[PDB]
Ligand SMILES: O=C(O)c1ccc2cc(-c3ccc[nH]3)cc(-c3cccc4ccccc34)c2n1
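Next up: a single chain in structure tokens, the form solved without this ligand.
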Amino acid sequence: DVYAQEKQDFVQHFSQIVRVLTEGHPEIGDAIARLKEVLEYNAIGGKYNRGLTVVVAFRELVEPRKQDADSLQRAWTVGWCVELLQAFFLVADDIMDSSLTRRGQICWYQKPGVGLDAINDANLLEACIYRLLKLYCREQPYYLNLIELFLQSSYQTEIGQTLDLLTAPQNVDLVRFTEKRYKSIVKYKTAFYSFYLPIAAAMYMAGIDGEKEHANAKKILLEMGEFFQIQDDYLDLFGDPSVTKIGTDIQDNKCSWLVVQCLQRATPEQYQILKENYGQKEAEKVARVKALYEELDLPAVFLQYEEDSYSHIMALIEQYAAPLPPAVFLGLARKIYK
């Protein structure tokens, strides 16, 4: 509810984000209208967890007497920058994976009269981050630190995307689905921008700019990010859609935690069943896969992993949170846990 409290004013701020990004240069009006449409379609409709973490962390990291009106405008804005980063990645990712829907809406690129123009639209969303940072934060001591953090985050995510694309050519081979490779993908592709970025942005805005402090936060948050993606992979199969969307990882030939662990623990005659069934449109095949996972006690393996993980994270928060308040980590953990 620390998140539920901030959410009202966060989403309300979006209206202003859009105003300023379309606010002189009359010749480009039509392009700016297109920009407006891209923002409204792509940046709105999710949970906004990543953005909100910026604002919640800011509240927990700054003396309450130094949380003036301006400071809060800036914290909302950087939060919206995180959401724009995410929109950039997802618009582009949806093209690369030939996805149909995102958030139960037709993917932007699939809207008629959009198509591959969405590539430029994604790029504009990335541009908007640095426009906002300039408009709201150029005079601040942390300005350069945020620019570099956003850029570093894009690069990390892109490297991760490269690994994903090398790992599952859309021509998939299960020999490539290893744990070391699974961990790298999650780390570079999701954990950095999802878990490290928002807290880091908040750290910098509160004057916490030390390498060791950042290294400590990053150690905790990367492991949080690892856990939560593995949790998403599991829920994709063994969840209920009410609890979670509907799961399609198997028919999609994904390098999912489930498949990875399956491969580690199998006699030679179980690879040559999974080969047979993994990635097929038909549903009798998708059931064979689930039933194999079930026969391999992968819930149990998950449960054991969930325990080791909770323990290790709490230990890390004990060691490395200081001098940040532990509730910064603990809150995010509680909030993402599904």
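Each residue number is its position in the shown sequence, starting from 1. We call the rigid core the largest set of C-alpha positions that still match within 1.5 Å between the two forms. Residues that one form lacks are left out of the comparison.
Not on display, but discussed next: the form solved in complex with this ligand.
Classification of the binding site as blocked follows from the superposed pose of this ligand in the entry with it bound: three or more of its atoms fall inside 2.4 Å of backbone or C-beta atoms here.
Proximity to this ligand in the entry with it bound, defined as a heavy atom within 4.5 Å, singles out one entry of 137, 146, 235, 260, which is 235.
Although the partner is absent from this view, residue 278 stays clear of this ligand in the entry with it bound, with no non-hydrogen atom inside 4.5 angstroms. Among residues of the shown chain, residue 77 is not one whose heavy atoms approach this ligand to within 4.5 Å in the entry with it bound. When this ligand is considered in the entry with it bound, residue 290 lies well away from it, no heavy atom lying within 4.5 Å. Remark: residue 36 does not count among the residues lining this ligand in the entry with it bound, judged by a heavy atom distance of 4.5 Å or less.
None of 128-136, 224-232, 171-179, 260-268 except one has non-hydrogen atoms within 4.5 angstroms of this ligand in the entry with it bound; the exception is 224-232. Interface residues of 33-52, taken as those with a heavy atom within 4.5 Å of this ligand in the entry with it bound (partner not displayed): 47, 48, 49, 50, in sequence order. Taking the core as reference, just one block of three or more adjacent residues between the shown form and the other one has all its Cα positions offset by 2 Å or more: 336-338.
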